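Only one chain is given next, in structure tokens, and it is the form deposited in one PDB entry.
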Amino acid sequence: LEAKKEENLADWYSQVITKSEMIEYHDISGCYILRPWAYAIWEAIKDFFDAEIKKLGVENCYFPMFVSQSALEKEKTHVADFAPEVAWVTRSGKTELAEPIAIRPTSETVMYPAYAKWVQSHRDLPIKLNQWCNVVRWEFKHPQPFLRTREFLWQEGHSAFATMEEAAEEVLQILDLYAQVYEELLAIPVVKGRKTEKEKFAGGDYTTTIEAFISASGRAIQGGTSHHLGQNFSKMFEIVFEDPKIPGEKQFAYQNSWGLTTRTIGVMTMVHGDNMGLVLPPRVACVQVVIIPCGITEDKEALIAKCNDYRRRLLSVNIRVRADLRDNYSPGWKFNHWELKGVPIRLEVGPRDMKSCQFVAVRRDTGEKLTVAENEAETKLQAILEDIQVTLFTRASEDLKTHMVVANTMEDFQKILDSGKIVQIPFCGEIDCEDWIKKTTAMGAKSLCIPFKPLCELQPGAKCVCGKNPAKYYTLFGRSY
């Protein structure tokens, strides 16, 4: 690895995702190849998230990718902010189609016409559906793998309820699931809050989000969204049901939508990566422990059989293990090779170590070498793997606890912002006031989220940073990624 993280971060990120065999560059700008090393992280998120949403009653399905030109113009506010971001298919071959067809930037306009046919009574509720698919967002910003891409994989769960109470209860349920994915699988602490009126989902009531922080660039990034659509989309697609007790009364449905993309892997690379390469948390690592024979220079057949000893012993306790037993490369090459890929534990077996009933476990995060007896293999490695997961989170929590501050004035909010930090400021919550913030912070700082539990309680009567309107709440501000 030639680039450093504190110096050239952009070139460091490109070398890390490629040398770790996670990302391969295509030739259409905005598209990237998810190699099996990075795809195994996405499946680990799928098998965890799917097991949680199916407890809540959500069922997986799949909807068409194509949207007709008439279906996109059904919800006016939904097509406003999405019009410049949508890609249209106008012909197949050299034959122009009947009507231009769009690729889905989101499946709200595709499913809700079907929700209207399925919802006809109170018994046909609640509907809870989810799908793992791909979407196209034709944005004119600089693409970066995982983080910002035109095409990306995600999940989108759409749920219609008969009451606003049960709909509001699922919004916070899904948002806390997204928090578990970042904190308990990726070891990334995030801040849960609400979006402002300018950066909320178009055509919806309110948007909840989780904001992760990257100390290498001093920028924050949104990791997931969970919107409460209210009756906005159900009033335009005629998603109504009959009241169970009152005869003849028909009430509109209350709908929610929530999503989580593959930038979860990107934030993991940005938060835990170092100048030695990738760093995978043991919870999502494709290979947790790699076994490498050392000191090879004819008693070698026993050393290989002893590496196969640790390999099968770790498989029975259900620990993802890989045995690199290639004779083409030196043990020093394998050390560099698997450190770039982020394998949490390196299991070194030497000739004298084998005959001594001991081995060496090297931690990817700290580089510490711990000699472990042969009998304690399954139990000590299970303890170090759990310790690496927490260590990556505590160190990430320390960088988030110290880079998030409070500022009540504009110049002190401006000063701390240029020091690579995100700030919570008393904010009035107006669009015309937020545009001025991004105009004077310059690249300019945008709103991140209105945190549920802010760092400090807002003083009653305290004004906003603009000095003209009274402040409504503390809003986390900063530059986005």
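Note that residue numbering begins at 1 and tracks the sequence as displayed. Definition used throughout: the rigid core is the maximal C-alpha set that superposes within 1.5 Å between two forms.
Below, we turn to the form deposited in another entry, even though it does not appear here.
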Single mover in 81, 166, 124, 238, with Cα shift of 2 Å or more between the shown form and the other one when the core is superposed: 81
Yes/no, residue 72 Cα shift of 2 Å or more between the shown form and the other one with rigid core fixed: yes
Yes/no, residue 368 Cα shift of 2 Å or more between the shown form and the other one with rigid core fixed: no
Flag for residue 401, CA shift 2 Å or larger between the shown form and the other one after aligning core: no
Relative Cα spacing, residue 111 and residue 84, in the other form - shift of 3 Å or more: closer
Sense of CA distance change between residue 237 and residue 78 in the other form, threshold 3 Å: closer
